[PDB]
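Next up, protein.cif (mmCIF, N, CA and C atoms):
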data_start
loop_
_atom_site.label_atom_id
_atom_site.label_comp_id
_atom_site.auth_asym_id
_atom_site.auth_seq_id
_atom_site.Cartn_x
_atom_site.Cartn_y
_atom_site.Cartn_z
N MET A 1 -89.53 38.67 65.45
CA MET A 1 -89.41 39.35 64.17
C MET A 1 -90.43 38.83 63.17
N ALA A 2 -91.00 39.75 62.39
CA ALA A 2 -92.00 39.38 61.39
C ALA A 2 -91.95 40.34 60.20
N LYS A 3 -92.56 39.93 59.09
CA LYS A 3 -92.56 40.73 57.88
C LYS A 3 -93.96 40.87 57.31
N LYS A 4 -94.18 41.93 56.53
CA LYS A 4 -95.41 42.08 55.76
C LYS A 4 -95.19 42.94 54.53
N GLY A 5 -96.25 43.14 53.76
CA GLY A 5 -96.16 43.91 52.52
C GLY A 5 -97.54 44.07 51.87
N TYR A 6 -97.54 44.52 50.62
CA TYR A 6 -98.79 44.76 49.91
C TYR A 6 -98.61 44.57 48.41
N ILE A 7 -99.68 44.15 47.74
CA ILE A 7 -99.71 44.13 46.28
C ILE A 7 -100.64 45.20 45.73
N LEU A 8 -100.06 46.30 45.27
CA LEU A 8 -100.82 47.35 44.60
C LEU A 8 -101.11 46.99 43.15
N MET A 9 -102.40 46.91 42.81
CA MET A 9 -102.81 46.48 41.48
C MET A 9 -102.93 47.66 40.53
N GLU A 10 -102.64 47.42 39.26
CA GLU A 10 -102.67 48.48 38.25
C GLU A 10 -104.08 49.05 38.10
N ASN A 11 -105.08 48.23 38.40
CA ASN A 11 -106.47 48.63 38.22
C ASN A 11 -106.99 49.42 39.41
N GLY A 12 -106.09 49.72 40.35
CA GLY A 12 -106.42 50.58 41.48
C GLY A 12 -106.73 49.76 42.72
N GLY A 13 -106.76 48.44 42.56
CA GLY A 13 -106.96 47.54 43.69
C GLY A 13 -105.71 47.44 44.55
N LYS A 14 -105.84 46.80 45.71
CA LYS A 14 -104.71 46.62 46.62
C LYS A 14 -104.95 45.44 47.55
N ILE A 15 -103.98 44.52 47.60
CA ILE A 15 -104.07 43.36 48.48
C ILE A 15 -102.98 43.39 49.54
N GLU A 16 -103.37 43.72 50.77
CA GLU A 16 -102.42 43.80 51.87
C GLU A 16 -102.25 42.45 52.56
N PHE A 17 -101.01 42.06 52.79
CA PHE A 17 -100.70 40.72 53.29
C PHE A 17 -99.59 40.77 54.33
N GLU A 18 -99.49 39.70 55.12
CA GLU A 18 -98.37 39.54 56.05
C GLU A 18 -97.63 38.24 55.80
N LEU A 19 -96.33 38.23 56.09
CA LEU A 19 -95.48 37.09 55.79
C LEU A 19 -95.03 36.39 57.06
N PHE A 20 -94.75 35.10 56.95
CA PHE A 20 -94.40 34.29 58.12
C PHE A 20 -93.09 33.54 57.90
N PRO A 21 -91.99 34.16 58.33
CA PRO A 21 -90.68 33.53 58.24
C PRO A 21 -90.67 32.16 58.89
N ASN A 22 -91.53 31.98 59.89
CA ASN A 22 -91.62 30.71 60.60
C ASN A 22 -92.15 29.61 59.69
N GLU A 23 -93.01 29.98 58.75
CA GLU A 23 -93.55 29.04 57.78
C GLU A 23 -92.51 28.66 56.73
N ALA A 24 -91.77 29.66 56.25
CA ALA A 24 -90.73 29.44 55.26
C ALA A 24 -89.74 30.60 55.23
N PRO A 25 -88.66 30.46 55.98
CA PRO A 25 -87.63 31.49 56.04
C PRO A 25 -87.12 31.84 54.65
N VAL A 26 -86.82 30.81 53.86
CA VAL A 26 -86.21 31.00 52.55
C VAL A 26 -87.20 31.64 51.57
N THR A 27 -88.41 31.11 51.53
CA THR A 27 -89.43 31.58 50.60
C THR A 27 -89.79 33.04 50.88
N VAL A 28 -90.01 33.35 52.15
CA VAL A 28 -90.33 34.72 52.55
C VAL A 28 -89.21 35.68 52.18
N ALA A 29 -87.98 35.30 52.52
CA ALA A 29 -86.81 36.13 52.23
C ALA A 29 -86.70 36.41 50.74
N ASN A 30 -86.80 35.36 49.93
CA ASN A 30 -86.65 35.49 48.48
C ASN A 30 -87.75 36.36 47.89
N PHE A 31 -88.98 36.13 48.34
CA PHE A 31 -90.12 36.92 47.89
C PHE A 31 -89.92 38.40 48.20
N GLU A 32 -89.44 38.69 49.40
CA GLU A 32 -89.15 40.06 49.80
C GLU A 32 -88.09 40.68 48.90
N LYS A 33 -87.01 39.94 48.66
CA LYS A 33 -85.91 40.42 47.84
C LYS A 33 -86.39 40.80 46.44
N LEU A 34 -87.25 39.96 45.87
CA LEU A 34 -87.81 40.22 44.55
C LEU A 34 -88.72 41.44 44.57
N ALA A 35 -89.64 41.46 45.52
CA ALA A 35 -90.63 42.54 45.61
C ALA A 35 -89.95 43.90 45.73
N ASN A 36 -88.94 43.98 46.59
CA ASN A 36 -88.29 45.25 46.90
C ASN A 36 -87.32 45.65 45.79
N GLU A 37 -87.15 44.76 44.82
CA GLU A 37 -86.40 45.09 43.61
C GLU A 37 -87.33 45.44 42.46
N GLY A 38 -88.63 45.47 42.75
CA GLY A 38 -89.62 45.83 41.75
C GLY A 38 -89.85 44.70 40.76
N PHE A 39 -89.44 43.49 41.15
CA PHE A 39 -89.50 42.34 40.26
C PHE A 39 -90.92 42.10 39.76
N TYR A 40 -91.89 42.25 40.66
CA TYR A 40 -93.27 41.89 40.37
C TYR A 40 -94.01 43.03 39.68
N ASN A 41 -93.30 44.14 39.47
CA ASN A 41 -93.85 45.27 38.73
C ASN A 41 -94.02 44.94 37.26
N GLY A 42 -95.26 44.66 36.85
CA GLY A 42 -95.55 44.32 35.47
C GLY A 42 -95.90 42.85 35.32
N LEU A 43 -95.85 42.12 36.43
CA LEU A 43 -96.25 40.71 36.44
C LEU A 43 -97.75 40.57 36.69
N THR A 44 -98.36 39.60 36.01
CA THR A 44 -99.81 39.48 36.00
C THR A 44 -100.26 38.20 36.69
N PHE A 45 -101.55 38.12 37.00
CA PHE A 45 -102.16 36.87 37.44
C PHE A 45 -102.74 36.10 36.26
N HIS A 46 -101.99 35.11 35.78
CA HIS A 46 -102.30 34.47 34.51
C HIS A 46 -103.38 33.41 34.68
N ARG A 47 -103.65 33.03 35.93
CA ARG A 47 -104.70 32.07 36.24
C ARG A 47 -105.55 32.54 37.41
N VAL A 48 -106.48 33.44 37.14
CA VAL A 48 -107.37 33.97 38.17
C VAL A 48 -108.62 33.12 38.31
N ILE A 49 -108.94 32.73 39.54
CA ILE A 49 -110.18 32.02 39.83
C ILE A 49 -111.03 32.78 40.84
N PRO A 50 -111.99 33.55 40.34
CA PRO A 50 -112.83 34.38 41.20
C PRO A 50 -113.50 33.55 42.28
N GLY A 51 -113.26 33.91 43.54
CA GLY A 51 -113.95 33.30 44.67
C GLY A 51 -113.08 32.24 45.33
N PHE A 52 -112.04 31.80 44.63
CA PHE A 52 -111.18 30.73 45.11
C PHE A 52 -109.71 31.13 45.06
N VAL A 53 -108.90 30.27 44.45
CA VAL A 53 -107.45 30.44 44.50
C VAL A 53 -106.91 30.91 43.15
N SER A 54 -106.26 32.07 43.16
CA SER A 54 -105.70 32.64 41.94
C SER A 54 -104.18 32.51 41.93
N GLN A 55 -103.61 32.36 40.73
CA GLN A 55 -102.17 32.21 40.58
C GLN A 55 -101.60 33.27 39.65
N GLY A 56 -100.48 33.86 40.06
CA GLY A 56 -99.85 34.92 39.28
C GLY A 56 -98.33 34.89 39.43
N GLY A 57 -97.65 35.77 38.70
CA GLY A 57 -96.19 35.82 38.73
C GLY A 57 -95.61 35.72 37.32
N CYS A 58 -96.41 36.10 36.33
CA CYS A 58 -95.98 36.03 34.94
C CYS A 58 -95.77 37.42 34.36
N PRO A 59 -94.52 37.74 34.04
CA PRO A 59 -94.17 39.04 33.49
C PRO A 59 -94.94 39.32 32.21
N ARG A 60 -95.98 40.15 32.31
CA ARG A 60 -96.86 40.42 31.18
C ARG A 60 -97.33 39.13 30.53
N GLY A 61 -97.47 38.08 31.33
CA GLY A 61 -97.95 36.80 30.84
C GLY A 61 -96.88 36.08 30.03
N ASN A 62 -95.63 36.30 30.39
CA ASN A 62 -94.51 35.65 29.73
C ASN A 62 -94.06 34.41 30.49
N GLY A 63 -94.88 33.97 31.44
CA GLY A 63 -94.66 32.71 32.13
C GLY A 63 -93.78 32.90 33.36
N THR A 64 -92.49 32.64 33.21
CA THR A 64 -91.57 32.67 34.34
C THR A 64 -90.53 33.77 34.18
N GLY A 65 -90.51 34.70 35.12
CA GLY A 65 -89.52 35.77 35.13
C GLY A 65 -88.19 35.28 35.71
N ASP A 66 -87.11 35.96 35.35
CA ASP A 66 -85.78 35.60 35.82
C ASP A 66 -85.56 36.04 37.26
N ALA A 67 -86.21 35.34 38.20
CA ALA A 67 -86.05 35.64 39.62
C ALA A 67 -84.67 35.26 40.12
N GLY A 68 -84.21 34.08 39.71
CA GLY A 68 -82.92 33.57 40.16
C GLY A 68 -83.04 32.87 41.51
N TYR A 69 -84.27 32.56 41.90
CA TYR A 69 -84.53 31.90 43.17
C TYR A 69 -85.33 30.62 42.97
N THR A 70 -84.77 29.50 43.44
CA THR A 70 -85.45 28.22 43.36
C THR A 70 -85.48 27.52 44.72
N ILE A 71 -86.66 27.08 45.13
CA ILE A 71 -86.85 26.51 46.46
C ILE A 71 -87.45 25.12 46.39
N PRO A 72 -87.26 24.34 47.45
CA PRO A 72 -87.84 23.01 47.54
C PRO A 72 -89.26 23.05 48.11
N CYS A 73 -89.89 21.89 48.22
CA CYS A 73 -91.15 21.77 48.93
C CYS A 73 -90.94 21.77 50.44
N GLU A 74 -91.35 22.86 51.09
CA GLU A 74 -91.13 23.02 52.52
C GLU A 74 -92.39 22.69 53.31
N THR A 75 -92.20 22.11 54.49
CA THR A 75 -93.32 21.75 55.36
C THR A 75 -93.12 22.28 56.77
N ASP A 76 -91.91 22.74 57.06
CA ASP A 76 -91.57 23.24 58.38
C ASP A 76 -91.39 24.75 58.38
N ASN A 77 -91.70 25.38 59.51
CA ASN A 77 -92.03 24.65 60.73
C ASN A 77 -93.53 24.59 60.94
N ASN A 78 -94.25 25.52 60.32
CA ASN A 78 -95.70 25.62 60.52
C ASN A 78 -96.45 24.96 59.38
N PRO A 79 -97.64 24.44 59.68
CA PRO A 79 -98.48 23.81 58.67
C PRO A 79 -98.72 24.75 57.49
N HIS A 80 -98.69 24.19 56.29
CA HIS A 80 -98.86 24.98 55.07
C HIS A 80 -100.19 24.66 54.40
N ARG A 81 -101.28 24.89 55.12
CA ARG A 81 -102.62 24.72 54.56
C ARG A 81 -103.04 25.94 53.75
N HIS A 82 -103.85 25.71 52.72
CA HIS A 82 -104.34 26.79 51.88
C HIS A 82 -105.69 27.30 52.37
N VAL A 83 -105.68 28.00 53.50
CA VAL A 83 -106.91 28.52 54.09
C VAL A 83 -107.20 29.93 53.62
N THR A 84 -108.20 30.56 54.22
CA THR A 84 -108.65 31.88 53.80
C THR A 84 -107.49 32.87 53.77
N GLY A 85 -107.11 33.30 52.57
CA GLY A 85 -106.16 34.39 52.41
C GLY A 85 -104.74 33.86 52.20
N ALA A 86 -104.57 32.56 52.40
CA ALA A 86 -103.24 31.95 52.39
C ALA A 86 -102.50 32.27 51.09
N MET A 87 -101.19 32.44 51.20
CA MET A 87 -100.35 32.67 50.03
C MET A 87 -99.19 31.69 49.99
N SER A 88 -99.09 30.92 48.91
CA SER A 88 -98.07 29.89 48.78
C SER A 88 -97.25 30.09 47.51
N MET A 89 -96.01 29.60 47.54
CA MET A 89 -95.15 29.64 46.36
C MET A 89 -95.31 28.38 45.52
N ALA A 90 -95.52 28.57 44.22
CA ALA A 90 -95.78 27.45 43.32
C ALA A 90 -94.54 26.58 43.15
N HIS A 91 -94.72 25.27 43.28
CA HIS A 91 -93.65 24.32 43.00
C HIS A 91 -94.21 22.92 42.75
N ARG A 92 -93.31 21.96 42.53
CA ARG A 92 -93.71 20.59 42.27
C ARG A 92 -92.91 19.61 43.13
N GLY A 93 -91.94 20.14 43.87
CA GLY A 93 -91.11 19.32 44.74
C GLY A 93 -89.81 20.04 45.10
N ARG A 94 -88.74 19.27 45.26
CA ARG A 94 -87.45 19.83 45.65
C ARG A 94 -86.78 20.55 44.48
N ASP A 95 -86.35 21.78 44.72
CA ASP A 95 -85.69 22.57 43.68
C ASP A 95 -86.59 22.74 42.46
N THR A 96 -87.80 23.26 42.69
CA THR A 96 -88.76 23.45 41.61
C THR A 96 -89.47 24.79 41.75
N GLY A 97 -89.26 25.45 42.88
CA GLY A 97 -89.90 26.73 43.15
C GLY A 97 -89.39 27.81 42.20
N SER A 98 -90.11 28.93 42.14
CA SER A 98 -89.74 30.03 41.26
C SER A 98 -90.18 31.37 41.83
N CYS A 99 -91.04 32.08 41.10
CA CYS A 99 -91.53 33.38 41.53
C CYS A 99 -93.05 33.44 41.47
N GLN A 100 -93.66 32.41 40.90
CA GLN A 100 -95.11 32.33 40.81
C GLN A 100 -95.72 31.89 42.13
N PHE A 101 -96.86 32.48 42.48
CA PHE A 101 -97.45 32.29 43.80
C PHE A 101 -98.97 32.29 43.73
N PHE A 102 -99.60 31.82 44.80
CA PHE A 102 -101.06 31.76 44.86
C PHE A 102 -101.61 32.77 45.86
N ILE A 103 -102.86 33.18 45.66
CA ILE A 103 -103.62 33.86 46.70
C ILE A 103 -104.98 33.20 46.90
N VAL A 104 -105.22 32.70 48.11
CA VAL A 104 -106.44 31.95 48.40
C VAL A 104 -107.55 32.87 48.89
N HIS A 105 -108.68 32.85 48.20
CA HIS A 105 -109.89 33.50 48.68
C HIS A 105 -110.77 32.53 49.45
N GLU A 106 -111.05 31.38 48.85
CA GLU A 106 -111.76 30.31 49.53
C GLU A 106 -110.82 29.17 49.89
N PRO A 107 -110.88 28.73 51.14
CA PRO A 107 -110.05 27.63 51.61
C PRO A 107 -110.17 26.42 50.68
N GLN A 108 -109.04 25.78 50.40
CA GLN A 108 -109.02 24.58 49.57
C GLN A 108 -108.27 23.45 50.26
N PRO A 109 -109.01 22.57 50.92
CA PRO A 109 -108.42 21.49 51.70
C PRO A 109 -107.48 20.64 50.85
N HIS A 110 -107.82 20.51 49.57
CA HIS A 110 -107.10 19.60 48.68
C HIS A 110 -105.77 20.20 48.24
N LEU A 111 -105.56 21.47 48.56
CA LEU A 111 -104.30 22.14 48.26
C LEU A 111 -103.41 22.21 49.49
N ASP A 112 -103.94 21.77 50.63
CA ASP A 112 -103.21 21.84 51.89
C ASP A 112 -101.94 21.00 51.85
N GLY A 113 -100.80 21.67 51.89
CA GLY A 113 -99.51 20.98 51.94
C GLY A 113 -98.96 20.73 50.54
N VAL A 114 -99.75 21.08 49.53
CA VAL A 114 -99.35 20.88 48.14
C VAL A 114 -98.29 21.89 47.72
N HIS A 115 -98.49 23.14 48.13
CA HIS A 115 -97.49 24.18 47.90
C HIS A 115 -96.99 24.76 49.21
N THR A 116 -95.91 25.53 49.14
CA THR A 116 -95.27 26.07 50.34
C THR A 116 -95.87 27.42 50.72
N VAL A 117 -96.75 27.42 51.71
CA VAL A 117 -97.33 28.65 52.22
C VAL A 117 -96.30 29.47 52.98
N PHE A 118 -96.21 30.76 52.64
CA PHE A 118 -95.17 31.62 53.19
C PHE A 118 -95.76 32.94 53.68
N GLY A 119 -96.98 33.23 53.25
CA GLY A 119 -97.65 34.48 53.62
C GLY A 119 -99.16 34.29 53.69
N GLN A 120 -99.86 35.37 54.02
CA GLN A 120 -101.32 35.34 54.07
C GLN A 120 -101.90 36.75 53.95
N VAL A 121 -102.86 36.90 53.03
CA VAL A 121 -103.56 38.17 52.88
C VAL A 121 -104.39 38.49 54.12
N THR A 122 -104.31 39.74 54.57
CA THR A 122 -105.00 40.17 55.78
C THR A 122 -106.08 41.20 55.46
N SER A 123 -105.94 41.86 54.32
CA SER A 123 -106.92 42.86 53.89
C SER A 123 -106.87 43.06 52.38
N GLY A 124 -108.04 43.24 51.78
CA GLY A 124 -108.13 43.50 50.34
C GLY A 124 -108.31 42.20 49.57
N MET A 125 -108.58 41.12 50.29
CA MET A 125 -108.82 39.82 49.66
C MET A 125 -109.95 39.89 48.64
N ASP A 126 -110.89 40.80 48.88
CA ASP A 126 -112.01 41.00 47.97
C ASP A 126 -111.53 41.26 46.55
N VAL A 127 -110.37 41.90 46.43
CA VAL A 127 -109.78 42.18 45.13
C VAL A 127 -109.59 40.90 44.33
N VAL A 128 -109.24 39.82 45.02
CA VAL A 128 -109.04 38.52 44.38
C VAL A 128 -110.33 38.01 43.76
N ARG A 129 -111.41 38.05 44.53
CA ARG A 129 -112.72 37.62 44.06
C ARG A 129 -113.15 38.41 42.83
N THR A 130 -112.84 39.71 42.83
CA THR A 130 -113.22 40.59 41.73
C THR A 130 -112.06 40.76 40.75
N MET A 131 -111.02 39.96 40.92
CA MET A 131 -109.85 40.04 40.06
C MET A 131 -110.16 39.55 38.65
N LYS A 132 -109.58 40.20 37.66
CA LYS A 132 -109.75 39.79 36.27
C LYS A 132 -108.57 38.95 35.79
N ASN A 133 -108.84 38.05 34.86
CA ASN A 133 -107.80 37.18 34.31
C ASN A 133 -106.70 37.99 33.63
N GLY A 134 -105.50 37.92 34.18
CA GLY A 134 -104.36 38.65 33.63
C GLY A 134 -104.25 40.04 34.25
N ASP A 135 -104.88 40.23 35.40
CA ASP A 135 -104.79 41.48 36.13
C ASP A 135 -103.34 41.81 36.47
N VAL A 136 -102.96 43.07 36.23
CA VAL A 136 -101.56 43.47 36.32
C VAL A 136 -101.21 43.95 37.72
N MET A 137 -100.09 43.46 38.25
CA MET A 137 -99.53 43.99 39.49
C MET A 137 -98.68 45.23 39.23
N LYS A 138 -99.00 46.31 39.93
CA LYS A 138 -98.34 47.59 39.69
C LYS A 138 -97.14 47.77 40.61
N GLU A 139 -97.34 47.50 41.90
CA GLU A 139 -96.29 47.69 42.89
C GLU A 139 -96.42 46.68 44.03
N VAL A 140 -95.51 45.71 44.06
CA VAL A 140 -95.42 44.78 45.17
C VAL A 140 -94.23 45.09 46.07
N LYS A 141 -94.50 45.39 47.33
CA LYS A 141 -93.46 45.79 48.27
C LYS A 141 -93.54 44.99 49.56
N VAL A 142 -92.38 44.76 50.18
CA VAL A 142 -92.32 44.05 51.45
C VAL A 142 -91.39 44.76 52.43
N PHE A 143 -91.80 44.83 53.69
CA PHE A 143 -91.01 45.50 54.71
C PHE A 143 -91.13 44.79 56.06
N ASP A 144 -90.24 45.12 56.98
CA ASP A 144 -90.21 44.48 58.29
C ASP A 144 -91.26 45.08 59.21
N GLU A 145 -91.92 44.22 59.99
CA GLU A 145 -92.93 44.66 60.94
C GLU A 145 -93.17 43.62 62.02
N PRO A 146 -92.22 43.49 62.94
CA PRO A 146 -92.35 42.57 64.06
C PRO A 146 -93.65 42.80 64.81
#

Can the structure from this file be put into structure tokens for me?
Amino acid sequence: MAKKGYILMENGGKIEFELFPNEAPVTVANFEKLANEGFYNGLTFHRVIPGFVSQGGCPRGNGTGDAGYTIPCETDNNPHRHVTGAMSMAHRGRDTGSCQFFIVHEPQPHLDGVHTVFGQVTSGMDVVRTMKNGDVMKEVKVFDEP
């Protein structure tokens, strides 16, 4: 069994990604639940870094949305390196996770294991490189695809 989804951007862009329950069952599940509730509709990337790793999940730049989901720092079962396309959930340790997440354009060895990787962009990564600071997410959806 496996999962995937897409981030449709308000500016007409689109970032298609796949999720790995094996990397983080809880993180993937929670992200899916939020996405399919339209949670990320209107949430922006408040820290975009063209060419590298961008961070988003801020409701119109209001910081932290009321996701109702908090996760620990996970390392099992698969390695959580921030390689090309990698997507991780932002946290600082146990019971610190939220709804904010990263998208990696350029691999960052120094971020490897720092956050909990739960997904990975497979197509449309170019959107990240050309992403603007505070770019709005229009439609984030997740569905099953073994």

Explicit residues for the PyMOL selection byres ((chain A and resi 87) around 6) (as an NGL selection string): :A and (85-86 or 88-89 or 102-104 or 116-121)

Pick from A:91, A:54, A:84, A:46, whichever lies nearest to residue 107 in chain A using only C-alpha atoms: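 So, comparing all the options, the nearest one is A:84.
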
Output check: residues returned by the PyMOL selection byres ((chain A and resi 17) around 8), as a ChimeraX atom specification: /A:3-7,14-16,18-20,119-124

Selected residues written out with N, CA and C atoms, as a compact mmCIF listing (two decimals), keeping the file's coordinate frame:
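Okay, out33.txt is ready:
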# COMPACT_ATOMS: atom_id res chain seq x y z
N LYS A 3 -92.56 39.93 59.09
CA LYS A 3 -92.56 40.73 57.88
C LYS A 3 -93.96 40.87 57.31
N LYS A 4 -94.18 41.93 56.53
CA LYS A 4 -95.41 42.08 55.76
C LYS A 4 -95.19 42.94 54.53
N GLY A 5 -96.25 43.14 53.76
CA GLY A 5 -96.16 43.91 52.52
C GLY A 5 -97.54 44.07 51.87
N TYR A 6 -97.54 44.52 50.62
CA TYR A 6 -98.79 44.76 49.91
C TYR A 6 -98.61 44.57 48.41
N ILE A 7 -99.68 44.15 47.74
CA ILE A 7 -99.71 44.13 46.28
C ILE A 7 -100.64 45.20 45.73
N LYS A 14 -105.84 46.80 45.71
CA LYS A 14 -104.71 46.62 46.62
C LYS A 14 -104.95 45.44 47.55
N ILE A 15 -103.98 44.52 47.60
CA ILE A 15 -104.07 43.36 48.48
C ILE A 15 -102.98 43.39 49.54
N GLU A 16 -103.37 43.72 50.77
CA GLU A 16 -102.42 43.80 51.87
C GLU A 16 -102.25 42.45 52.56
N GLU A 18 -99.49 39.70 55.12
CA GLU A 18 -98.37 39.54 56.05
C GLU A 18 -97.63 38.24 55.80
N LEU A 19 -96.33 38.23 56.09
CA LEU A 19 -95.48 37.09 55.79
C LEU A 19 -95.03 36.39 57.06
N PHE A 20 -94.75 35.10 56.95
CA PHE A 20 -94.40 34.29 58.12
C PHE A 20 -93.09 33.54 57.90
N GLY A 119 -96.98 33.23 53.25
CA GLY A 119 -97.65 34.48 53.62
C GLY A 119 -99.16 34.29 53.69
N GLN A 120 -99.86 35.37 54.02
CA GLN A 120 -101.32 35.34 54.07
C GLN A 120 -101.90 36.75 53.95
N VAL A 121 -102.86 36.90 53.03
CA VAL A 121 -103.56 38.17 52.88
C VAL A 121 -104.39 38.49 54.12
N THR A 122 -104.31 39.74 54.57
CA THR A 122 -105.00 40.17 55.78
C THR A 122 -106.08 41.20 55.46
N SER A 123 -105.94 41.86 54.32
CA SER A 123 -106.92 42.86 53.89
C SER A 123 -106.87 43.06 52.38
N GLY A 124 -108.04 43.24 51.78
CA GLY A 124 -108.13 43.50 50.34
C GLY A 124 -108.31 42.20 49.57

Which residue of A:23, A:65, A:34, A:140 approaches residue 113 in chain A most closely, using only C-alpha atoms: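 Closest to residue 113 in chain A of all the choices is A:23.
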
Hits of the PyMOL selection byres (((chain A and resi 35 and name CA) around 12) and name CA) in this structure, as JSON, numbers by chain: {"A": [4, 5, 6, 7, 8, 28, 29, 30, 31, 32, 33, 34, 36, 37, 38, 39, 40, 41, 42, 43, 57, 67, 99, 137, 138, 139, 140, 141, 142, 143]}

Proximity to residue 114 in chain A - best of A:92, A:146, A:2, A:10, only N, CA and C atoms: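 Result for the nearest residue to residue 114 in chain A: A:92.
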
Proximity to residue 79 in chain A - best of A:56, A:44, A:132, A:112, all atoms listed in the file: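 So, comparing all the options, the nearest one is A:112.
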
Alpha helix (DSSP H) residues, from DSSP on the backbone, in range 62-143 of chain A, as a PyMOL selection string: chain A and resi 126-129

Filtered DSSP result for range 3-140 of chain A, state strand (DSSP E), as number ranges by chain: A: 3-9, 14-19, 43-44, 53-56, 58-59, 86-89, 101-104, 116-123, 137-140
